[PDB]
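Quick note, the sequences are listed as chains D and C, same order.
Here the first sequence is numbered in the deposited numbering, starting from 98 and rising by one per residue.
Here the second sequence is numbered in the deposited numbering, starting from 525 and rising by one per residue.
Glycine included, each C-beta is placed from N, C-alpha and C at the ideal position.
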Amino acid sequence: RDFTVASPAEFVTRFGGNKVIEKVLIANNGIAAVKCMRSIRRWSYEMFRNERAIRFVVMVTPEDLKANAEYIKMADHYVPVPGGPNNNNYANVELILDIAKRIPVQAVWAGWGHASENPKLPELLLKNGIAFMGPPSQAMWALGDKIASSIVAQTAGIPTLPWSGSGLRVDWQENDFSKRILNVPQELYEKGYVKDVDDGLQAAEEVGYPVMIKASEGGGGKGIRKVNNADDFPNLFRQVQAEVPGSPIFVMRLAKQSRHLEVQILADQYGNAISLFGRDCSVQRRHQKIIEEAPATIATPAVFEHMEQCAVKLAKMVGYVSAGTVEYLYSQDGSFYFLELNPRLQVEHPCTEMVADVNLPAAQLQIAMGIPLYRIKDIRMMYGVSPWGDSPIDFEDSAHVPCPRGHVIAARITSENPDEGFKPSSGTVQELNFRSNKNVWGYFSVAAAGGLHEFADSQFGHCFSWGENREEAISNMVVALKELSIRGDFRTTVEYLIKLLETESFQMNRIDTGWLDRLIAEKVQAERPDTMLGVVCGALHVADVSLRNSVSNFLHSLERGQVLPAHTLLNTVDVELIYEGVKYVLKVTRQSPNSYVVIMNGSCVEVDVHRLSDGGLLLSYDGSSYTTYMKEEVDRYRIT
Amino acid sequence: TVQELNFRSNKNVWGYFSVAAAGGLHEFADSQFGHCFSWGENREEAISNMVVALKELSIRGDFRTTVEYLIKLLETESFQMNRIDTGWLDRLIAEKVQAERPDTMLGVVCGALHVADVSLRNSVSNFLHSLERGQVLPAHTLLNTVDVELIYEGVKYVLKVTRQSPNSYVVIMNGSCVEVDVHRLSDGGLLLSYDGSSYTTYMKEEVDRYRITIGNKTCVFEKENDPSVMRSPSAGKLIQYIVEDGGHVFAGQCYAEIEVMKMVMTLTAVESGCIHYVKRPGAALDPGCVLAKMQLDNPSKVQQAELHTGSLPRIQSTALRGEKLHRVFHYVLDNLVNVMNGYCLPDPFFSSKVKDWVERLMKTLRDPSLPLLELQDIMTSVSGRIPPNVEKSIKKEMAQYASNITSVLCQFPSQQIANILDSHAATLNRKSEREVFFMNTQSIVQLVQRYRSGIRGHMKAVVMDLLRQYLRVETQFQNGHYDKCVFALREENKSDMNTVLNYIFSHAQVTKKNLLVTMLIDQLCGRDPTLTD
């Protein structure tokens, strides 16, 4: 408790780094930018007693400015860039370099946006003396496409693979650095890629019926064919060969319906790599993550520790720094398969922060300054060592010391529309109120003022809940989701998440990567109010708008000296509403300014209605009170 | 009332409030409208979490909101060392510890910008509304310069605010200017860029004060109403005074009779004191003019002037001095275009920078390296969706052009780039391989079209286009008086009144524009007595 730092220079000196970072460029937007700035600023206050010791520069398009993106106000400096698709603003590595040198910055963070999948950016930055908070390009190359990934995984402790073209491997390089030279593995590439019509069949004979054939440039709905038969392989195979003519094609075995696990790997620039903890990410819709859970509770200790060891060995031999994820496919009988390494920080990384008491983006910053792992505070605590010291950590001997604290659920809030599929929606926000509580938090890339524009991706917010175990975390998440209010022009998938968390299959942890797909085809978009209440509420909203407009227009006429007759100031409104094919016709009148009467087929009900300052109505109907809102569309009424 | 309530929660921090963004606090509604909580492993971590969280929240409304004081307390060493007692805060209160103020210079600039922006937007709105109704106001009620006066800690600051563009503001004090980049936010605030640093700011106008929020710090400026000078609220004429010169008047008593509108309006005194009249009975009145002084007992606010006479901070400039040369093109050209649209500095500042803009543009347009730099940017931004054949050819051609710089036979290969692209289009891939090529190559097409005749033709084209801007406006205000010309424009542009306003606004600064016109003629048709058609 004798450390006295005020500037990053002194910190680097004391902790044994070699590069000072005072300015960081964020080549990202939305959630990533928000999260980076916030986490690092917390750490900055912790060490320097100055929340703004590290300045953050952001690149702003006119779209994000007009939409009042949240990260803009947080940033220290902004520079405008050209708008439009990602290749003009954020995926343009040369532009990133141009800004990084125009505004003298010492580092560039990319995160999980659009440039962190381009191996050319670390080269461009390192050639100019700029520290990239991520892997070097040589790793990202060695971690290239899929054939090279499957091959290189087998050079050290061999993870099982579902015949990535075949099960053949290369020589042993347990802890040596190597590049993907096409001299030895070329044979594997020749087996991993196919040329003739009958080349692919040689895989089908060994893998079995569920064969997946994809072009080297396949994706986006084309270049992919799933063969379910044995004799129909030539048809869809030749189809893939025609989907991307001239390009090499590859054949692989299709996955079974099982679990998708992840391991979070963190590493310094001195060859030390550690496994933090895992994640269970098996709630997916069309291969898109929806809900993530931090303790990988499905895997037993033995097999899970094995998966951790394999992930670390890969990171060490390939030469990966800062942070990344290794994906595994976990079968129900205790057998894992390698899938791929993601060379960048994931959006769902707080899941492992919350159970490890670490800060990953700050750790990336400290790594970028050249600080080894045994001098970073949180790591030192994680292995049971005094934070204020410099003693080394034997990471292999003390690898049993780290232990997760609790259980975390992360639910992402998307902008899709569960009604009629999952079409992405967009528009303005009218209210964004997330009521936090003990062990619950969350954050969003947009505020109440502002919106989501055409080029603004989905996933505009993330909620997290902690508990001692699975059940408590579920409970916290469900309640918190039921308590938040999001209102706007766009649609906001929240209610569907609630319905999923209340489903017994989830709560008993009996799910797989095809769970949600099956549920979608079964038409599970429930969580509707009772019909009678909805009819009454919609009637009241329509009638109240009509009555208020009548009053406003009539009074305006009176102010101007015109007299309208006393039948344009009506107190009765006819409302018609169709629900599930059934037409309802109602009359709405009033016995007082606040007492409304809804009449249908000669029967009447009384409702106490009060106008709220926020545009909604407070109802008292049958004892129970309700808060309601309406939005009128071209051909629909949306009643909340 | 509440205007915004955003508590950014985080790990180990939460809180809750009894009121939402819509809603408010009424008379019988007690204090303590919300609570924040922070957890940590020990005392220090908990403090850190609380401090950061408090610095990140945003509460805005009519009421005042004690948060900054809590921050100051948590950052006090006596708290952190846990050396406090039940009388700690009382002692600190008596020591006048209400700190956490922004720097004065920044606060002055920000308040100036808010005041001026409100005045400018009101001018625009009222003028445009008049145009919609068929009224024509003269072109001195649509001003681009605002005078702002702000008192801070007894010191009076007097500033002028103008604009060089819709987003570029200039604050002038005592002959020194600073440039600020201002963007309007949808939430009512302003985004500033001042000296590199960016700021988010908000303003609330009170009866006699301006409340300026900069980030999470608050600064309050006093609106001068202290000298106790009676002033005419409007234009008009003075008819008579009601009371004797030197007589005592009481607040609420009428002291003078004036007439504007051919309709008589009296004038009540604000304060009780001895009145002496400045204007003699029968006189022209201007709004805010000096009519009559009153002697009071001077309770306070004596000599709250000490007019600041210095200079505002000036480190940066954003002039792109030696930065890439093709960005400088855009910079200077856009400044000159905005001059042509009526955005012009005041007297001693105009033509002190415009001449430099012209000179820098002329140098840039004669540099052979400009078009290839443009090509670099547009080609690099689109790596994918371009056939490799055309990509390789273009890279080769531009490399050749670079090799021939500084040679009398050096010409930009616009035709050759166009040739290879048209060759690929002559192959004409069908069905989504057609349109992708024609669309992802549009930037290149634009570039080559601009430089069909080389840098010479491009230079002449740019300067000509500016001259055309001039004529586009000034040929409409010939043939008669101001209002007649405006009515002609109104009757042509029936469906849009912003166009009409733009014509008027740019016409207002005709003299400064003419200076620029002459400078652009002399640099084009000077020592080269030839004229193309």
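- Could you tell me whether the Cβ atoms of residue 790 of chain C and residue 783 of chain C are closer together than 8 Å? no
- Residues, ordered as in the chain, of the stretch 715-728 of chain C that lie near chain D by beta-carbon distance below 8 Å: 715, 717, 720, 721, 722, 724
- Query: Taking the Cβ atom as the reference point for each residue, do residue 514 of chain D and residue 522 of chain D lie within a distance shorter than 8 Å?
  - Reply: yes
- Message: Considering only their Cβ atoms, is the gap separating residue 504 of chain D from residue 566 of chain D smaller than 8 Å?
- Response: It is a contact, given that the beta carbons lie within the stated cut-off.
- Query: For residue 636 of chain C versus residue 1031 of chain C, is the C-beta distance shorter than 8 Å?
  - Reply: With a cutoff of 8 Å on beta-carbon distance, residue 636 of chain C and residue 1031 of chain C are scored as not near each other.
- Message: Please classify residue 541 of chain D as buried or exposed, where buried requires at least 16 other C-beta atoms within 10 Å of its C-beta.
- Response: buried
- Item | Sequence ranges, beta strand (DSSP E) only - wholly within the stretch 130-192 of chain D, length at least 3 | 152-157, 174-177
- Compute the beta-carbon to beta-carbon distance between residue 153 of chain D and residue 121 of chain D, rounded to the nearest angstrom, for a pair I have assumed lies under 8 Å. 6 Å
- Query: Within this structure, are the beta carbons of residue 895 of chain C and residue 968 of chain C separated by less than 8 Å?
  - Reply: no
- Is residue 829 of chain C buried or exposed, if buried means 16 or more other CB atoms sit within 10 Å of its CB? exposed
- Item | Nearest-angstrom Cβ-Cβ length linking residue 465 of chain D and residue 204 of chain D, presumed shorter than 8 Å | 5 Å
- Mapping DSSP to helix, strand and coil, what is residue 464 of chain D? helix
- Query: Does residue 379 of chain D have its Cβ less than 8 Å from a Cβ in chain C?
  - Reply: no
- Query: residue 810 of chain C by DSSP, collapsed to three states: which one?
  - Reply: coil
- Give me whichever residues DSSP pairs with residue 228 of chain D in a beta bridge. D:204
- Message: At the level of alpha carbons, what is the spacing between residue 874 of chain C and residue 668 of chain C?
- Response: 14 Å
- Query: Is the Cβ-Cβ distance between residue 675 of chain C and residue 748 of chain C less than 8 Å?
  - Reply: yes
- Item | Beta carbon proximity, residue 191 of chain D to chain C, threshold 8 Å | True, the Cβ-Cβ gap to chain C drops below 8 Å.
- Task: For the alpha helix (DSSP H) containing residue 653 of chain D, list its first residue and its last residue.
- Result: 628-656
- Task: Could you pull the start and end residues of the beta strand (DSSP E) that residue 388 of chain D belongs to?
- Result: Unbroken beta strand (DSSP E) run through residue 388 of chain D: 386-390.
- Query: Who are the near neighbours of residue 766 of chain C in its chain, counting only those whose CB is closer than 7 Å to its CB and skipping five residues on each side?
  - Reply: 778, 779, 780, 781
- Task: Have a look at residue 126 of chain D and residue 575 of chain D and give me their C-alpha separation to the nearest angstrom.
- Result: 29 Å
- Query: Relative to the alpha-carbon of residue 708 of chain D, which residue among D:534, D:168, D:723 has its alpha-carbon at the smallest distance?
  - Reply: D:723
- Is residue 838 of chain C buried or exposed, if buried means 16 or more other CB atoms sit within 10 Å of its CB? exposed
- Item | For residue 508 of chain D: DSSP bridge partner residues | Residue pairing for residue 508 of chain D: DSSP places it in a beta bridge opposite D:388, D:560.
- Whole-angstrom distance between residue 157 of chain D and residue 552 of chain C, CA atom to CA atom: 45 Å
- Can you tell me where the beta strand (DSSP E) with residue 954 of chain C in it begins and where it stops? Note, residue 954 of chain C: premise wrong, no beta strand (DSSP E); not H, not E.
- Message: So, for residue 623 of chain C: in the same chain, excluding its five sequence neighbours on each side, which residues have a beta-carbon less than 7 Å away from its beta-carbon?
- Response: 596
- Query: Which same chain residues, not among the five before or five after residue 424 of chain D, have their C-beta less than 6 Å away from its C-beta?
  - Reply: Correct list, in chain order: 359, 436, 437.
- Message: Against residue 710 of chain D, what residues of chain C qualify as contacts under a CB-to-CB distance less than 7 Å, listed in chain order?
- Response: Going along chain C in sequence order, the residues near residue 710 of chain D (Cβ under 7 Å) are 546, 547.
- Item | Cutoff 6 Å; reference residue 812 of chain C; Cβ partners in own chain excluding five residues on either side | 755
- Any idea what DSSP makes of residue 688 of chain D, helix, strand or coil? The answer is coil: DSSP assigns residue 688 of chain D none of H, G, I, E or B.
- Query: What does a CB cutoff of less than 6 Å around residue 570 of chain C pick up in its chain, not counting 5 residues either side in sequence?
  - Reply: 562, 564
- Task: Output the distance between the C-alpha atoms of residue 452 of chain D and residue 538 of chain D, rounded to the nearest integer angstrom.
- Result: 14 Å
- residue 986 of chain C versus residue 972 of chain C - alpha carbon distance: 15 Å
- Query: Which one of D:411, D:427, D:429 has the shortest CA to CA distance from residue 421 of chain D?
  - Reply: D:411
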